[PDB]
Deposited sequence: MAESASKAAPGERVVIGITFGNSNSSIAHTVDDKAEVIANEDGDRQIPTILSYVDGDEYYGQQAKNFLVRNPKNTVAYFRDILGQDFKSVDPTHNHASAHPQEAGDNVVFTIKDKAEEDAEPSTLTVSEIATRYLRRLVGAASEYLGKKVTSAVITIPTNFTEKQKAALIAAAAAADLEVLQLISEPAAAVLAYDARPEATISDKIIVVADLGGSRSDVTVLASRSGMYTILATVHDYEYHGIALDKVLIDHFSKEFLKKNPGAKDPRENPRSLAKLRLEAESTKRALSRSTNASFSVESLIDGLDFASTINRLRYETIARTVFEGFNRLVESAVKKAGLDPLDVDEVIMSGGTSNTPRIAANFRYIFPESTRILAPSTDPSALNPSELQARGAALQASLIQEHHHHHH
């Protein structure tokens, strides 16, 4: 057996392994450690990750994205909101499917593929990137999953992995994996996992080395995509003000795809510095756009989303029958937990006895985006030994 840990999310995925008792996240051949969970086909060639993400603009119909949560779902339960700008999920008997041109033709018929096949194809590429870094064929993984994954979805993921010739050793929860990454002593823990298409808040008790979940809140409205949108509307209004009579770039799918990508970029820049640029060439009707926004201004226009996150955490603690005083640690997980302001907002909500594990409010904090993959990798090694 050659084992790795895998986090497999609606927006990004990550791979990790353990060296000398320590987990390290593996960069793929694009140099990414946060690998977009997207598949795309151009001229019969298969792309995944960032190259696939980039094809959202010019090749949306043959790009499958935001499919993690669709795996194992009954078709009636599928919300295709986030697939609107890419391949649309379809009902085909008992399965949910995507119809995409994955053949070289040029007049070849489009393939109708199940989400399960999409996941298999993606996992193959994801594990392939692990194998290439290691020089050995990866055989087995621990994979992280949401706490609301149904039995059908758990089974579907296991089967999709098998079809990718990957042995699943264990499925552990996304929040559990984040706790593990921190090295894990009795305490009450809140994992605030703020992601792209979703946020999940989990309250866990640590009891004699064992974790039990006391309560969870799942939210599909307050997340990084909502933040992206704040920036998109902010700059679209600037563009329109600066270009009287020009068409609204949000109402043109191509212009909107370009705005999504740049806004995300700008957002992430503002997590590491206090000023950031936003620019798109040929945004719409041949017009270029360039502007800037500082962290203070961003936090102002994003405040309503930021307060959504507060109430999710508050809902969760109360759901567990607890009070903020009862919490010993808040672990900030997920890509959106990289946002400096959010750390500050939580540090305000919890008493000084509560600890806030985020890069800016704790000396021992880890990178929020690596927590899950690291935890998976650590669990895979514990199993191997």
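Visitor: How would you list, in order, the spans of the deposited sequence that the model does not cover?
Guide: The deposited sequence has unmodelled segments at 1-12, 197-202, 404-409.
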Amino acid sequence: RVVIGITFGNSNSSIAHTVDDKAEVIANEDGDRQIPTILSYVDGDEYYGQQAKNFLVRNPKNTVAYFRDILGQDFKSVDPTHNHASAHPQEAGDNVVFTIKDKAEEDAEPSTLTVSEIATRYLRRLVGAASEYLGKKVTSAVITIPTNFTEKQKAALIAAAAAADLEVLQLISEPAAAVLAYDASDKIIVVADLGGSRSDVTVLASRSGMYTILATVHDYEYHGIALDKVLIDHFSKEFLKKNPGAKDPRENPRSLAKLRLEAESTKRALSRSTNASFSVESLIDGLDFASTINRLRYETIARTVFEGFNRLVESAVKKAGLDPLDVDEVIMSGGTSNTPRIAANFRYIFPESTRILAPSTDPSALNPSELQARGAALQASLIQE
From here on, numbers count along this sequence of modelled residues.
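Visitor: Which has the higher mean CA temperature factor in the PDB entry, 2-10 or 375-383?
Guide: 375-383 has the higher mean C-alpha B-factor.
Visitor: Comparing 80-88 with 311-319, which has the greater mean CA B-factor as deposited?
Guide: On average, C-alpha B-factors are higher across 311-319.
Visitor: According to the deposited entry, which of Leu169, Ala177, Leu134, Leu123 has the largest Cα B-factor?
Guide: Largest recorded C-alpha B-factor: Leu134.
Visitor: Highest Cα temperature factor in the entry, among the options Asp228, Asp74, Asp200, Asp288: which one is it?
Guide: Answer, based on the entry's C-alpha B-factors: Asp74.
Visitor: What third of the chain, by the recorded C-alpha B-factor, contains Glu105?
Guide: Top third by C-alpha B-factor.
Visitor: Where does the C-alpha B-factor of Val57 rank in its chain, lowest, middle or highest third?
Guide: As the PDB entry reports it, the C-alpha B-factor of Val57 lands in the middle third of its chain.
Visitor: Taking the values exactly as deposited, rank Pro36 by C-alpha B-factor within its chain and report the matching third: lowest, middle or highest.
Guide: Answer is lowest: the recorded C-alpha B-factor places it there.
Visitor: Taking the values exactly as deposited, rank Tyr182 by C-alpha B-factor within its chain and report the matching third: lowest, middle or highest.
Guide: It belongs to the highest third of the chain when residues are ordered by C-alpha B-factor.
Visitor: Relative to the other modelled residues of the same chain, rank the CA B-factor of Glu281 and answer lowest, middle or highest third.
Guide: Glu281: CA B-factor falls in the middle third of its chain.
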